[PDB]
Every structure is written in C-alpha cells, then in structure tokens.
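Okay, so here's the structure we're looking at.
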Ligand SMILES: [Fe+3]
Ligand SMILES: [Fe+3]
Ligand SMILES: [Fe+3]
Ligand SMILES: [Fe+3]
Ligand SMILES: [Fe+3]
Ligand SMILES: [Fe+3]
Ligand SMILES: [Fe+3]
Ligand SMILES: [Fe+3]
Ligand SMILES: [Fe+3]
Ligand SMILES: [Fe+3]
Ligand SMILES: [Fe+3]
Ligand SMILES: [Fe+3]
Ligand SMILES: [Fe+3]
Ligand SMILES: [Fe+3]
Ligand SMILES: [Fe+3]
Ligand SMILES: [Fe+3]
Ligand SMILES: [Fe+3]
Ligand SMILES: [Fe+3]
Ligand SMILES: [Fe+3]
Ligand SMILES: [Fe+3]
Ligand SMILES: [Fe+3]
Ligand SMILES: [Fe+3]
Ligand SMILES: [Fe+3]
Ligand SMILES: [Fe+3]
Ligand SMILES: [Fe+3]
Ligand SMILES: [Fe+3]
Ligand SMILES: [Fe+3]
Ligand SMILES: [Fe+3]
Ligand SMILES: [Fe+3]
Ligand SMILES: [Fe+3]
Ligand SMILES: [Fe+3]
Ligand SMILES: [Fe+3]
Ligand SMILES: [Fe+3]
Ligand SMILES: [Fe+3]
Ligand SMILES: [Fe+3]
Ligand SMILES: [Fe+3]
Ligand SMILES: [Fe+3]
Ligand SMILES: [Fe+3]
Ligand SMILES: [Fe+3]
Ligand SMILES: [Fe+3]
Ligand SMILES: [Fe+3]
Ligand SMILES: [Fe+3]
Ligand SMILES: [Fe+3]
Ligand SMILES: [Fe+3]
Ligand SMILES: [Fe+3]
Ligand SMILES: [Fe+3]
Ligand SMILES: [Fe+3]
Ligand SMILES: [Fe+3]
Ligand SMILES: [Fe+3]
Ligand SMILES: [Fe+3]
Ligand SMILES: [Fe+3]
Ligand SMILES: [Fe+3]
Ligand SMILES: [Fe+3]
Ligand SMILES: [Fe+3]
Ligand SMILES: [Fe+3]
Ligand SMILES: [Fe+3]
Ligand SMILES: [Fe+3]
Ligand SMILES: [Fe+3]
Ligand SMILES: [Fe+3]
Ligand SMILES: [Fe+3]
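Protein chains in written order, with PDB author numbering: chain A, 10 to 171, 175 to 181; chain B, 10 to 171, 175 to 181; chain C, 10 to 171, 175 to 181; chain D, 10 to 171, 175 to 181; chain E, 10 to 171, 175 to 181; chain F, 10 to 171, 175 to 181.
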C-alpha cells in the first residue's frame with residue numbers, strides 16, 4: 010500500500026494553490042470593501058478566502074497523516090496589481106476558480122492512472138467543490154451584468170450570504 | 010474547462026428518457042388503479058412517475074446551468090398498448106428500469122473516456138439510483154409471484170409506501 | 010349515466026396541453042436562470058411547470074377513473090426557439106395562459122351543451138385556475154414595464170414566491 | 010445488465026475475509042483483556058470485530074440481492090498462535106487492515122476494468138473504510154510507542170472509544 | 010478452584026457451534042429474502058444469526074476470562090446445499106435449534122458430574138435460551154402449515170419481529 | 010488626520026508576520042500529530058495557526074479600511090527543517106511568540122513617537138495578546154520538563170484545549 014509520489018506532489022501543489030489563493034482573496038476582499046465601497050462583495054470574497062485557507066488545505070494535510078505522504082509548506086504570493094473595478098475583481102476570482110477545476114481534474118486523472126483509489130475517492134470532494142465554488146462565484150458575476158447600480162448589486166449579494177444541493181453540496 | 014459535447018448529448022438523451030418514462034408511468038399508474046383495481050400499485054407507480062419527472066430531470070438541468078451545456082427539450086411518447094394485467098404491468102416497469110441502469114452505465118463509461126470527472130461525479134447519483142429504483146420495483150414484482158390474491162398484494166404494497177440504505181439511498 | 014365522448018376527447022386534449030405546457034415551462038425556467046441570469050423568474054416559471062404537470066393533469070386522470078372516461082397519453086413537444094429576452098419570455102408564458110382560458114371556456118360550453126353537469130362542475134376548478142394563473146403571470150409581466158433593472162425586478166419576483177383569494181384561489 | 014462473475018468472486022472473497030477477520034479480532038479482543046490485562050484495548054478490538062462481522066458483510070450480502078450475484082459462505086479460520094504482547098497484538102491488527110486496503114483496491118480496479126459502475130460505486134464505501142479503519146487502528150499503535158505504562162495507554166484508549177470526518181467517515 | 014478441562018472443552022465446542030450456526034443463518038437469511046422472496050423471514054433468521062454470533066459467544070468468552078479457561082477459535086463451515094423452499098428452510102433452522110438444546114443438556118449434566126457449580130449456574134442461561142430460541146423458531150414453522158400464501162405468512166412474521177416471558181426470557 | 014507611513018509599513022510588516030507564522034504553525038501542527046504522535050499538541054498548535062491567520066490579520070486589514078492605510082500582501086515562507094522532537098517543536102513556537110512581543114513593542118513605541126494615538130490604541134490589543142499567546146505556549150513547554158511520558162503530557166494538553177483573564181484576555 011505504498012503511497013504514490015506523483016499524487017503526493019500534485020496534492021502538495023494543490024495545497025500550495027489553496028493557501029495562496031486564500032491569501033489573494035483576503036486581499037481582494039479588503040479592496041472590494043475599501044476602495045470599491047462594496048462590503049458585501051468583500052464578505053463574499055472573505056468567506057471564499059477562509060474556505061481556501063481552511064478545509065481545502067486541512068483535508069490534504071489530514072489525508073497525508075493517514076497514508077504516509079509528506080506535507081510541504083512552500084508559499085510565495087504577492088498581490089502586485091489590483092483589478093480596475095469590482096466587476097473585473099469578481100471576474101478575476103472566477104478565472105482562478107475555473108483553473109481550480111482544471112487542476113483537480115488532472116489529479117483525478119492521475120489517481121486513476123496510478124490505481125490510487127483512495128486518492129481518487131479523496132479527490133471527489135475537490136471535484137465536487139470545484140463546480141460548487143465556481144457556481145457561487147458565477148452567481149455574483151452575473152449581478153454585474155444585470156445592474157449598473159452598485160447598491161442594488163450589494164443588496165443582492167447580502168441576501169446571498171444570509175444550504176447544500178443534493179449533489180454539489 | 011470546455012464542456013464535452015458527447016456528454017452533453019448523452020445527458021440530454023437521459024433527460025428525455027426520464028421525462029418520457031415519467032409520462033408512461035403516470036399512465037400505468039392510472040391503469041393500475043382504474044382498470045386493474047389496484048390503487049396502491051397505482052400510488053407506487055405514481056411516485057415513480059414523479060421521481061422521473063422531478064429530480065431525475067432537475068439535476069440534469071441544474072448541472073447544465075453550472076457547466077455551459079445546453080438543454081434540449083424534444084419529447085415524443087404515446088402509450089399505445091397497455092400490458093394485459095398488473096403482474097405484466099409492473100414487470101414492464103422493471104424492464105424499463107433495467108434499461109435505465111444500462112444507459113447510465115454508458116454515461117459513466119463515456120465520462121471516464123472523456124476525462125470529465127465532474128460528469129463522472131454527477132452521474133454517481135444516477136449510477137446509485139438505477140439500482141435503488143430497480144430494487145423498489147423488484148420488491149413489488151416479487152409480490153405477484155407470492156400471492157394469487159390481489160387484495161393481499163395490495164395490502165403489502167400499502168405498507169411499502171408508508175428510509176435510505178447507507179449506500180444505495 | 011353514460012360518459013360523453015365529446016367531453017372525453019376535450020379533456021384528453023386538455024390533459025395533453027397541460028403536460029406539454031409543463032415541459033415547455035420547465036425549459037423556459039432553465040433559460041430564465043441560465044441565459045437570462047434571472048433565477049427567481051426561473052423559480053416562478055418552474056412552479057408554474059410543476060403546477061401544469063401536477064394537479065392540472067392529476068385531476069383529469071382522477072376524474073376519468075370515477076366516470077369511465079379513458080385516458081390517452083400522446084405527447085409531442087419540442088422547444089425549438091427561445092424568446093429573445095426575459096420580458097419576451099414571460100410575455101410568451103402569458104400568451105399560452107391566455108389560451109388556457111380559451112380552451113377551458115370551450116370545455117364548459119360543451120358540458121352545458123351535453124347536459125354533463127358533473128363535467129361542468131369539474132371544469133369550474135379549471136375555469137377559476139385559468140384566471141388565477143393568468144393573474145400571477147401578469148403580475149410578473151408588469152414588472153418588466155416598471156423597471157429597466159433586472160436585479161430590481163428579480164428582488165420583486167422573490168417576494169412574490171415567498175395565499176388564496178376567496179373567489180379565485 | 011448481466012452481473013460480472015469476476016466481481017462476484019472477488020466480493021465473495023471479500024465477504025469471507027471480513028467474516029474471518031471478525032472472528033480473529035473477537036479472539037484478539039479476549040486475549041487483550043484476559044492475558045494482557047488491557048480491557049479497553051479489548052473493547053477497541055471487539056468493536057472492530059463487530060464492524061467486520063456486521064456491515065462489512067451485510068452490504069455485500071445486500072448488494073448481491075439487488076444485482077443477481079450469488080452469495081457463498083465458505084469459512085475456515087483457526088487462531089493457532091497469539092502475538093507475544095499487546096503492542097505486537099495491535100501491530101498485527103494493523104497489518105491485516107493494511108491488507109484490507111490492498112484487497113479493496115484490486116476490487117475497484119477490477120470494476121473499472123469490467124465497466125461495472127454499480128460495483129465501482131458500491132466499493133467506494135470499502136475504499137473509504139479501508140483508510141478509516143486503518144487510521145483508528147494506527148491511533149492505538151502510536152500509544153505503545155508513546156508510553157511504557159499500560160495503564161496510561163489503557164486510559165487513553167478508553168477516551169478513544171467514548175464522530176465522522178467529512179470525507180473518511 | 011481449578012477449572013475443569015472437560016467443561017473447558019465442551020464450552021469451546023459450544024462456542025464454535027454458535028459461531029458456525031450464526032454464519033449458516035446469515036446465509037439462510039440472505040436466501041430467504043433473495044431467492045424465496047420472503048424478506049421478513051430473512052429478518053427473523055438474521056436476528057437469530059446475530060443472537061448466535063453475539064451474546065451466545067460473548068458470554069462464553071466472558072466466562073473464560075473470569076475462571077482461567079482458555080478460549081479456542083477453530084471454525085470451519087461451508088453452506089454447500091440450500092433447502093428447497095422456505096418451509097424446509099425454517100424447518101432446518103428448527104432442527105439445528107433442537108440440537109442446541111441437546112448440547113446444552115450435556116453441558117449441564119457434565120457440570121453437575123464435575124461439581125462445577127459456577128459452570129452449572131452459567132449454563133442455566135443456555136438451558137433457558139435453548140427452549141426460548143426453539144419456541145420462536147417454532148412459531149414461524151407453524152405459519153407454513155397454516156397458510157399457502159407466502160404474503161399472508163410474511164405479514165404475520167413482520168408482526169412477530171415488531175418481550176420476555178417471566179421464566180423463559 | 011493624515012495617516013503615518015511609518016506605522017503603515019510596520020503594520021504591513023506585522024500583517025505579513027502573522028500570515029507567515031500562521032502557515033508555519035499549520036505545518037508544525039501536522040508534524041506534531043503525524044510524526045511525533047501528539048495529536049493534542051497538534052490541536053493546540055493548529056488553534057494558534059488559525060489565531061494568527063484570523064483576527065491577528067483581520068484587525069490590521071480592518072484598521073486600514075478605516076484610516077486610509079494601504080494593505081500589502083507579500084508572502085514568502087518555506088518550512089525547510091523541522092525541529093527534532095516535540096519539546097523542541099513547542100520550544101520553537103515559544104521563540105517565535107517571544108519575537109512577536111518584541112515586534113509589537115516597537116510598534117507601540119513608534120505610534121507614541123508619531124503621535125498616532127489611534128494606532129497606539131489599536132496596538133494595545135497586540136500588546137496584550139503578545140503576552141497571552143506567549144503564556145499559553147509556555148504552559149505547554151512546561152509540560153515537557155514535568156513528564157517523560159508523552160501520553161501523560163498529551164492528556165494534560167487535551168484538558169488545556171477543553175476563558176479570559178480580566179487583564180490579559
Ligand atoms: Fe493544484
Ligand atoms: Fe465595512
Ligand atoms: Fe461556502
Ligand atoms: Fe506527515
Ligand atoms: Fe467599483
Ligand atoms: Fe489502469
Ligand atoms: Fe470550496
Ligand atoms: Fe431593494
Ligand atoms: Fe432585504
Ligand atoms: Fe430581507
Ligand atoms: Fe438515456
Ligand atoms: Fe382510488
Ligand atoms: Fe422514491
Ligand atoms: Fe443552459
Ligand atoms: Fe389485474
Ligand atoms: Fe484516459
Ligand atoms: Fe429514482
Ligand atoms: Fe392482512
Ligand atoms: Fe393485515
Ligand atoms: Fe396493515
Ligand atoms: Fe399496520
Ligand atoms: Fe385543451
Ligand atoms: Fe441558481
Ligand atoms: Fe401556484
Ligand atoms: Fe381509465
Ligand atoms: Fe434578459
Ligand atoms: Fe340544454
Ligand atoms: Fe394553475
Ligand atoms: Fe430591498
Ligand atoms: Fe427583501
Ligand atoms: Fe424582506
Ligand atoms: Fe478480499
Ligand atoms: Fe473486564
Ligand atoms: Fe467504528
Ligand atoms: Fe442471492
Ligand atoms: Fe502485554
Ligand atoms: Fe474501459
Ligand atoms: Fe470498518
Ligand atoms: Fe491520567
Ligand atoms: Fe479521563
Ligand atoms: Fe474524562
Ligand atoms: Fe456444543
Ligand atoms: Fe429487501
Ligand atoms: Fe431474540
Ligand atoms: Fe483467556
Ligand atoms: Fe419458497
Ligand atoms: Fe456428585
Ligand atoms: Fe438465543
Ligand atoms: Fe399489520
Ligand atoms: Fe399493525
Ligand atoms: Fe512585525
Ligand atoms: Fe488524529
Ligand atoms: Fe486562543
Ligand atoms: Fe485599503
Ligand atoms: Fe517526539
Ligand atoms: Fe511626543
Ligand atoms: Fe493571539
Ligand atoms: Fe486522567
Ligand atoms: Fe481527563
Ligand atoms: Fe476530565
């Protein structure tokens with residue numbers, strides 16, 4: 010039952026990606042409230058930051074304790090330019106979540122190639138959460154194409170942050 | 010993360026199959042009560058009709074909203090002959106549920122072939138429900154080989170419609 | 010007390026109309042959320058879909074069991090073009106509900122002509138629901154002529170889906 | 010939808026393995042309390058015995074009823090030597106649980122090779138439980154390398170037997 | 010207070026008998042539901058399986074811890090032919106329970122011959138349970154001579170599995 | 010009321026320090042459980058990780074929104090060697106917390122030098138928490154000099170994680 014190093018590397022890559030995204034979203038959340046005057050967009054993006062820096066990384070760390078994989082902490086991230094407006098800000102979040110889906114797809118494919126069925130099982134959470142997170146983010150993007158009034162949008166976002177689909181969680 | 014057209018077509022096929030089955034079962038339910046004098050068989054088959062026309066189709070439609078697949082509504086179904094008796098009626102329902110299992114198997118196989126792990130994830134509900142639905146239907150078929158008394162059978166069916177296995181739901 | 014074949018045919022026609030409308034509205038609901046970014050319009054139209062495919066058809070089927078009329082299931086419907094925008098989408102729903110009112114009027118007229126007072130009684134539900142459904146749909150159409158802001162409209166629709177008039181139900 | 014004989018054989022093999030493990034653990038539990046003076050280690054290993062002889066075998070039997078596979082009961086097991094001490098005893102349990110993981114891996118691999126997606130679905134419980142059970146057993150092994158005092162260890166085990177991870181159950 | 014080896018051997022024999030019966034009944038329970046279409050007969054026989062594999066063996070193991078007797082686990086059982094019908098199936102269970110009564114009788118007789126009053130005390134549970142278990146099994150056998158309708162019988166069995177006589181438990 | 014750039018820089022430095030410490034402690038927590046077999050030490054250090062990555066950074070970000078200071082996210086941290094044992098691990102945590110106290114001292118001194126009384130006010134939380142956090146960490150270090158038994162220590166840590177001093181919180 011010897012652990013796959015290929016899977017170990019990919020999952021450490023995914024760990025690093027969730028830590029670094031989490032830190033970028035913490036910054037985007039600050040900017041959404043502060044410079045863009047959209048504190049509810051900030052709270053939405055702050056919850057996403059805490060999701061990435063919480064269970065997304067905790068499950069990988071927990072998974073490693075169980076199977077002998079080694080955890081690596083190597084983290085480099087700098088927020089050097091901000092998107093120009095809130096619409097572009099949430100559009101940026103969307104692009105990164107879309108890449109999350111691509112990365113976890115590669116992990117599932119690898120686990121099947123490695124006959125690592127425990128790792129294929131484990132990744133199903135991330136396969137599901139990739140679409141869930143993307144959908145939540147997409148729900149906000151749509152608002153910026155439905156109203157020119159940032160207070161209208163803000164009020165809608167607040168109802169969104171104040175439930176689990178049977179399949180997608 | 011570009012959506013698979015092969016999967017899009019198969020899942021629209023599966024959508025159409027659940028709508029049309031749902032309409033056939035609505036009719037079989039009417040016949041079970043009306044002509045066959047078995048209103049509890051009718052209620053069992055009516056619940057199956059509402060299952061097919063409800064979540065079985067709603068999840069596909071919901072899945073498409075999330076990933077960019079397009080929904081197609083093209084529906085042709087006519088109930089042109091009725092099975093001759095209730096035993097043959099529920100035996101017919103069984104045959105169609107057995108084909109449900111075959112169709113969702115092809116969808117899972119395709120998703121792996123396409124490296125569409127979100128679609129493989131999504132189909133697991135249908136992989137599981139194929140056996141669940143078949144088992145519930147099989148529970149009724151067995152009654153018609155255990156008693157010659159339609160009122161005995163009817164009473165057993167009523168207890169069946171008045175719970176979730178850990179694995180099969 | 011021999012059942013009217015004219016009434017039997019009209020009521021099977023009405024059954025087919027409610028199944029097919031129900032399937033068209035299921036599609037319109039998907040489009041309202043997905044392409045038009047109006048998930049509450051979608052929920053309104055989805056509830057209308059489940060109304061048409063539920064009691065509107067169940068009462069006819071139930072009525073037939075009681076009086077000897079035969080149920081026919083013959084269903085052909087394809088959603089081949091979508092209205093161009095949400096206003097046109099809900100305007101389309103309105104046009105179809107207006108035809109519902111015309112069809113049930115013809116059924117009441119026929120029942121009186123046939124001295125089928127049980128069928129005149131039974132149709133009173135549909136006479137009443139024709140106006141009820143049309144009014145609910147009209148309440149939404151009016152929103153699209155009162156605001157240019159789809160998020161404003163969406164918020165109003167949500168309060169509408171979150175009561176029974178003494179006469180019109 | 011004809012059931013796979015290869016899968017049928019493997020799953021009967023797995024059934025036999027869970028019955029026989031269950032009987033070996035029942036014995037190890039007795040020895041842990043009686044000869045090793047560690048009644049809480051006994052209760053931990055007794056719960057593992059009842060797990061193996063309960064749902065681990067019941068799900069396979071239940072799965073067979075649903076799909077047409079045949080159940081085989083052929084059981085030979087004799088506990089002919091006992092490990093020399095409690096540390097070696099729980100280390101032995103660990104080795105057997107590690108082989109459980111290897112056996113269920115082969116079953117998942119086979120189901121994909123057979124395009125038996127219902128059997129791949131069904132085995133996911135066992136894929137997950139292989140790691141869960143191994144982790145619980147590993148939690149105890151670690152105690153024997155952290156203390157030389159069997160009463161210290163025993164007290165820790167008792168808190169362990171007096175919760176479900178989101179992924180691993 | 011030196012423990013009797015004759016009693017030790019007989020009680021290890023009885024332990025082995027309860028494990029092996031338990032495994033045979035687990036199989037008979039599966040067959041009752043699956044092939045004979047009698048899931049309530051299955052639940053009755055499954056409860057009997059868990060009784061034999063539970064307290065019937067746990068008390069012997071517990072008794073040994075207290076008095077110095079050694080536990081032996083040596084188990085060989087294969088279900089190589091199934092009775093032809095449900096009546097014969099439950100009739101078979103009856104025959105085996107009748108032999109349980111004969112075996113525990115020999116154990117009580119031995120304990121008196123050995124002046125092992127703790128073992129005579131301990132066996133009184135098994136003396137009592139031999140008749141209890143036989144009576145419960147006999148209650149089901151009688152059903153197969155009172156009705157030709159397996160659904161009638163099944164309904165009666167279900168009320169039987171959904175209380176303790178003052179003497180026989 | 011023009012914001013101090015010196016204070017802005019120091020507080021961005023402190024922000025970066027709390028993010029990076031938080032990530033180092035997340036790793037140390039994993040190692041404490043996994044390699045050192047001390048899951049309660051892990052939970053203690055994991056809570057410290059979430060403290061540093063939570064309110065310690067959120068208050069700085071919140072403070073900046075209020076006064077016009079700019080937030081900078083620039084994060085580089087790699088866990089390249091692990092301390093050799095748990096005692097050294099928690100001793101390392103202690104050393105870093107002791108430097109926290111030194112850094113916040115410099116911030117208070119600067120705020121008085123700048124006549125930034127809002128920043129002197131704001132830092133009082135961090136002045137207080139520097140000692141609080143150090144005391145909690147010191148409570149654990151002491152355990153490693155009071156017992157040679159890692160299970161004894163582990164049990165004490167668990168009571169520690171299962175209250176607010178009037179002055180130090
Ligand atoms: Fe990644
Ligand atoms: Fe604010
Ligand atoms: Fe969330
Ligand atoms: Fe590790
Ligand atoms: Fe803006
Ligand atoms: Fe392979
Ligand atoms: Fe997430
Ligand atoms: Fe408003
Ligand atoms: Fe509001
Ligand atoms: Fe509100
Ligand atoms: Fe299909
Ligand atoms: Fe009825
Ligand atoms: Fe159901
Ligand atoms: Fe769409
Ligand atoms: Fe019939
Ligand atoms: Fe491939
Ligand atoms: Fe279903
Ligand atoms: Fe009855
Ligand atoms: Fe009854
Ligand atoms: Fe009843
Ligand atoms: Fe009842
Ligand atoms: Fe009509
Ligand atoms: Fe939505
Ligand atoms: Fe309504
Ligand atoms: Fe009829
Ligand atoms: Fe629109
Ligand atoms: Fe007239
Ligand atoms: Fe209506
Ligand atoms: Fe409002
Ligand atoms: Fe409101
Ligand atoms: Fe409100
Ligand atoms: Fe096996
Ligand atoms: Fe004890
Ligand atoms: Fe357990
Ligand atoms: Fe079977
Ligand atoms: Fe020992
Ligand atoms: Fe293949
Ligand atoms: Fe288990
Ligand atoms: Fe203690
Ligand atoms: Fe305690
Ligand atoms: Fe306690
Ligand atoms: Fe015996
Ligand atoms: Fe069953
Ligand atoms: Fe009992
Ligand atoms: Fe012993
Ligand atoms: Fe039979
Ligand atoms: Fe004597
Ligand atoms: Fe018993
Ligand atoms: Fe009853
Ligand atoms: Fe009753
Ligand atoms: Fe600092
Ligand atoms: Fe742990
Ligand atoms: Fe704290
Ligand atoms: Fe700012
Ligand atoms: Fe250590
Ligand atoms: Fe001064
Ligand atoms: Fe703190
Ligand atoms: Fe204690
Ligand atoms: Fe305690
Ligand atoms: Fe305590």
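Just so it is clear, CB atoms sit at the ideal spot from N, CA and C, and this is done for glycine as well.
Any C-beta of chain B under 8 angstroms from that of residue i
i	result
residue 82(C)	yes
residue 23(C)	no
residue 126(D)	yes
residue 112(C)	no
residue 179(A)	yes
Ligand 40 heavy atom lying under 7 angstroms from the CB of residue i
i	result
residue 106(E)	no
Beta carbon proximity, residue i to chain I, threshold 8 angstroms
i	result
residue 162(B)	The structure shown contains no chain I; its protein chains are A, B, C, D, E and F.
Cβ-heavy atom distance, residue i to ligand 16, below 7 angstroms
i	result
residue 125(B)	no
C-beta neighbour in chain E for residue i, strict 8 angstroms
i	result
residue 144(B)	no
Cβ separation of residue i and residue j, assumed to be a contact under 8 angstroms, to the nearest whole Å
i	j	result
residue 82(F)	residue 113(A)	Residue 82(F) to residue 113(A), Cβ: 25 angstroms. No contact.
residue 130(F)	residue 69(F)	About 14 angstroms; that fails the 8 angstroms criterion.
residue 27(E)	residue 74(E)	No, residue 27(E) and residue 74(E) are not in contact; Cβ-Cβ is about 17 angstroms, not under 8 angstroms.
residue 52(B)	residue 150(B)	No, residue 52(B) and residue 150(B) are not in contact; Cβ-Cβ is about 16 angstroms, not under 8 angstroms.
residue 142(C)	residue 106(C)	5 angstroms
Any chain D beta carbon closer than 8 angstroms to residue i
i	result
residue 46(F)	yes
residue 122(B)	no
Residue i CB to nearest heavy atom of ligand 4 below 7 angstroms
i	result
residue 151(A)	no
residue 45(F)	no
residue 118(B)	no
beta-carbon residue i near ligand 36 non-hydrogen atom, thresh 7 angstroms
i	result
residue 38(D)	no
Near ligand 48: residue i beta-carbon under 7 angstroms from a heavy atom
i	result
residue 141(E)	yes
Distance cut-off 7 angstroms: residue i Cβ against heavy atoms of ligand 32
i	result
residue 22(D)	yes
Distance cut-off 7 angstroms: residue i Cβ against heavy atoms of ligand 23
i	result
residue 48(B)	no
Contact test: residue i Cβ vs ligand 52 heavy atom, cutoff 7 angstroms
i	result
residue 18(A)	no
Heavy atom of ligand 57 within 7 angstroms of residue i beta-carbon
i	result
residue 42(A)	no
Contact test: residue i Cβ vs ligand 11 heavy atom, cutoff 7 angstroms
i	result
residue 65(B)	no
Range of the contiguous alpha helix (DSSP H) that encloses residue i
i	result
residue 83(A)	Run containing residue 83(A): none in the alpha helix (DSSP H); it sits in the beta strand (DSSP E), 83-87.
residue 36(D)	14-43
residue 154(F)	Unbroken run through residue 154(F): none, as it is neither H nor E.
Chain A contact for residue i (CB, 8 angstroms cutoff)
i	result
residue 36(F)	yes
8 angstroms Cβ cutoff, residue i in contact with chain F
i	result
residue 26(A)	no
Distance cut-off 7 angstroms: residue i Cβ against heavy atoms of ligand 9
i	result
residue 171(C)	no
Near ligand 58: residue i beta-carbon under 7 angstroms from a heavy atom
i	result
residue 145(A)	no
Heavy atom of ligand 55 within 7 angstroms of residue i beta-carbon
i	result
residue 158(F)	no
Cβ-heavy atom distance, residue i to ligand 49, below 7 angstroms
i	result
residue 168(E)	yes
beta-carbon residue i near ligand 14 non-hydrogen atom, thresh 7 angstroms
i	result
residue 79(B)	yes
Legend entry - Residues of the stretch 71-103 of chain D whose Cβ lies closer than 8 angstroms to any Cβ of chain E, in chain order: Answer set for the stretch 71-103 of chain D: 73, 74, 80, 81, 82, 83, 84, 85, 86, 87, 88.
Inset, instruction - Would you list, in chain order, the members of the stretch 128-159 of chain E that have their beta-carbon closer than 8 angstroms to a beta-carbon of chain B? - result: Residues are counted here when their Cβ sits less than 8 angstroms from a Cβ of chain B; for the stretch 128-159 of chain E these are 158, 159, given in chain order.
Legend entry - Chain-ordered residues of the stretch 45-67 of chain D with a beta carbon less than 8 angstroms from chain B: Listed by position along the chain: 64.
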